[PDB]
């Protein structure tokens, strides 16, 4: 809260890319990863 001032160099819009592993395998992954894959990506929700 109440910060001073900061403006470091920043890159432009990044190019698209495939997603990380875990969500690409709704079956076989752990329940904790499956919940995260459904909460963030939206996959492995109704198994």
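Following Swiss-Prot, chain A residues are numbered 20-66, in order.
So this one's solution NMR, going by the header.
Using N, Cα and C of the backbone, Cβ positions are placed for all residues, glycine too.
A 10 Å cutoff on Cβ-Cβ distances gives residue 56 (disulfide bond) a total of 22 other Cβ atoms nearby, all chains included. Under the heading disulfide bond, Swiss-Prot lists 42-56 (among others).
Swiss-Prot lists 45-63 (among others) with the feature disulfide bond, giving experimental evidence as the kind of evidence. Secondary structure from DSSP puts residue 63 (disulfide bond) in coil.
Other Cβ atoms within 10 Å of the Cβ of residue 64 (disulfide bond), summed over all protein chains shown, number 12. The disulfide bond annotation in Swiss-Prot covers 57-64 (among others).
Listed in sequence order, the residues of the same chain lying 6 or more apart from residue 66 (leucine amide) and placing their CB within less than 8 Å of its CB are 45, 46, 53. Here Swiss-Prot flags 66 as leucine amide, drawing on similarity to another entry.
Cα to Cα, residue 42 (disulfide bond) and residue 63 (disulfide bond) are separated by 7 Å. DSSP classifies residue 45 (disulfide bond) as coil under the three-state reduction.
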